[PDB]
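**Q** Have a peek at data09.pdb (PDB, C-alpha atoms).
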```pdb
ATOM      1  CA  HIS J  20      12.711  66.463 113.570  1.00  0.00           C
ATOM      2  CA  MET J  21      13.588  66.259 109.860  1.00  0.00           C
ATOM      3  CA  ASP J  22      13.215  70.083 109.911  1.00  0.00           C
ATOM      4  CA  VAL J  23      16.032  72.371 108.769  1.00  0.00           C
ATOM      5  CA  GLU J  24      14.462  75.512 110.393  1.00  0.00           C
ATOM      6  CA  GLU J  25      15.197  74.102 113.924  1.00  0.00           C
ATOM      7  CA  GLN J  26      18.892  73.591 112.936  1.00  0.00           C
ATOM      8  CA  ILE J  27      19.140  77.082 111.373  1.00  0.00           C
ATOM      9  CA  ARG J  28      17.559  78.858 114.428  1.00  0.00           C
ATOM     10  CA  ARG J  29      19.870  76.786 116.732  1.00  0.00           C
ATOM     11  CA  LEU J  30      22.884  78.299 114.909  1.00  0.00           C
ATOM     12  CA  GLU J  31      21.081  81.732 114.677  1.00  0.00           C
ATOM     13  CA  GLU J  32      21.086  81.765 118.523  1.00  0.00           C
ATOM     14  CA  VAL J  33      24.882  81.230 118.441  1.00  0.00           C
ATOM     15  CA  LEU J  34      25.420  83.592 115.428  1.00  0.00           C
ATOM     16  CA  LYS J  35      23.598  86.538 117.093  1.00  0.00           C
ATOM     17  CA  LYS J  36      25.643  86.126 120.329  1.00  0.00           C
ATOM     18  CA  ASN J  37      28.952  85.294 118.479  1.00  0.00           C
ATOM     19  CA  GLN J  38      29.987  82.168 120.534  1.00  0.00           C
ATOM     20  CA  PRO J  39      31.889  78.826 119.714  1.00  0.00           C
ATOM     21  CA  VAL J  40      29.417  75.943 118.872  1.00  0.00           C
ATOM     22  CA  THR J  41      30.069  72.194 118.339  1.00  0.00           C
ATOM     23  CA  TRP J  42      27.968  70.980 115.340  1.00  0.00           C
ATOM     24  CA  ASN J  43      28.642  67.259 116.285  1.00  0.00           C
ATOM     25  CA  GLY J  44      31.806  66.895 114.150  1.00  0.00           C
ATOM     26  CA  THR J  45      33.518  70.336 114.194  1.00  0.00           C
ATOM     27  CA  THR J  46      33.500  73.200 116.780  1.00  0.00           C
ATOM     28  CA  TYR J  47      32.922  76.367 114.667  1.00  0.00           C
ATOM     29  CA  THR J  48      34.451  79.125 116.853  1.00  0.00           C
ATOM     30  CA  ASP J  49      34.055  82.083 114.422  1.00  0.00           C
ATOM     31  CA  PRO J  50      30.405  83.242 113.647  1.00  0.00           C
ATOM     32  CA  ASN J  51      31.685  83.330 110.002  1.00  0.00           C
ATOM     33  CA  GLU J  52      32.174  79.516 110.101  1.00  0.00           C
ATOM     34  CA  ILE J  53      28.853  79.085 112.019  1.00  0.00           C
ATOM     35  CA  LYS J  54      26.944  81.147 109.400  1.00  0.00           C
ATOM     36  CA  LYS J  55      28.666  79.070 106.657  1.00  0.00           C
ATOM     37  CA  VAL J  56      26.903  75.970 108.143  1.00  0.00           C
ATOM     38  CA  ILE J  57      23.599  77.975 108.207  1.00  0.00           C
ATOM     39  CA  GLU J  58      24.202  78.608 104.441  1.00  0.00           C
ATOM     40  CA  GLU J  59      24.677  74.815 103.870  1.00  0.00           C
ATOM     41  CA  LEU J  60      21.331  74.225 105.702  1.00  0.00           C
ATOM     42  CA  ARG J  61      19.812  77.179 103.755  1.00  0.00           C
ATOM     43  CA  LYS J  62      20.434  75.207 100.504  1.00  0.00           C
ATOM     44  CA  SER J  63      17.925  72.586 101.833  1.00  0.00           C
ATOM     45  CA  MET J  64      15.021  75.149 101.749  1.00  0.00           C
TER
END
```
Could you take the file, read its structure, and then write that structure out as structure tokens?
**A**
Amino acid sequence: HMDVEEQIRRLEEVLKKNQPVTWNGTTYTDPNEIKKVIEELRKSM
């Protein structure tokens, strides 16, 4: 539970479907903004 892959796949679920997700600070409505967060997490690996 210090894994980034679980966080990425969580947002991949939302990205594939194109739905609004709350990331515990900001609700990224657009899958563009969701994927941007995936890119921030991607920089960890």
**Q** Which distance in Å separates CA of residue 57 in chain J and CA of residue 39 in chain J, to one decimal?
**A**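 About the pair CA of residue 57 in chain J and CA of residue 39 in chain J: they are 14.2 Å apart.
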**Q** Rounded to one decimal, what separation in Å do you get between CA of residue 41 in chain J and CA of residue 24 in chain J?
**A**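 Computed distance, CA of residue 41 in chain J to CA of residue 24 in chain J, equals 17.8 Å.
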**Q** Please evaluate the PyMOL selection byres ((chain J and resi 50) around 10) against the structure above and give the resulting residues as an mmCIF file with C-alpha atoms, in the coordinates of the input.
**A**
```cif
data_model
loop_
_atom_site.group_PDB
_atom_site.id
_atom_site.type_symbol
_atom_site.label_atom_id
_atom_site.label_comp_id
_atom_site.auth_asym_id
_atom_site.auth_seq_id
_atom_site.Cartn_x
_atom_site.Cartn_y
_atom_site.Cartn_z
ATOM 1 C CA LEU J 30 22.884 78.299 114.909
ATOM 2 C CA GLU J 31 21.081 81.732 114.677
ATOM 3 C CA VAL J 33 24.882 81.230 118.441
ATOM 4 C CA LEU J 34 25.420 83.592 115.428
ATOM 5 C CA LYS J 35 23.598 86.538 117.093
ATOM 6 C CA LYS J 36 25.643 86.126 120.329
ATOM 7 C CA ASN J 37 28.952 85.294 118.479
ATOM 8 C CA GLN J 38 29.987 82.168 120.534
ATOM 9 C CA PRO J 39 31.889 78.826 119.714
ATOM 10 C CA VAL J 40 29.417 75.943 118.872
ATOM 11 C CA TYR J 47 32.922 76.367 114.667
ATOM 12 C CA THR J 48 34.451 79.125 116.853
ATOM 13 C CA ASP J 49 34.055 82.083 114.422
ATOM 14 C CA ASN J 51 31.685 83.330 110.002
ATOM 15 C CA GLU J 52 32.174 79.516 110.101
ATOM 16 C CA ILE J 53 28.853 79.085 112.019
ATOM 17 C CA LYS J 54 26.944 81.147 109.400
ATOM 18 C CA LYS J 55 28.666 79.070 106.657
ATOM 19 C CA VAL J 56 26.903 75.970 108.143
#
```
**Q** Can you find the residues with an atom no farther than 12 Å from (16.1, 76.1, 111.0), counting all atoms listed in the file, and report them as a ChimeraX atom specification?
**A** /J:20-32,56-64
**Q** Would you compute the box with edges along x, y and z of the file around range 37-53 of chain J, including every atom the file lists for it and 8 Å extra on each side, and give its centre and edge lengths in Å to one decimal, as JSON?
**A**
```
{"center_x": 31.2, "center_y": 76.1, "center_z": 115.3, "size_x": 22.5, "size_y": 34.4, "size_z": 26.5}
```
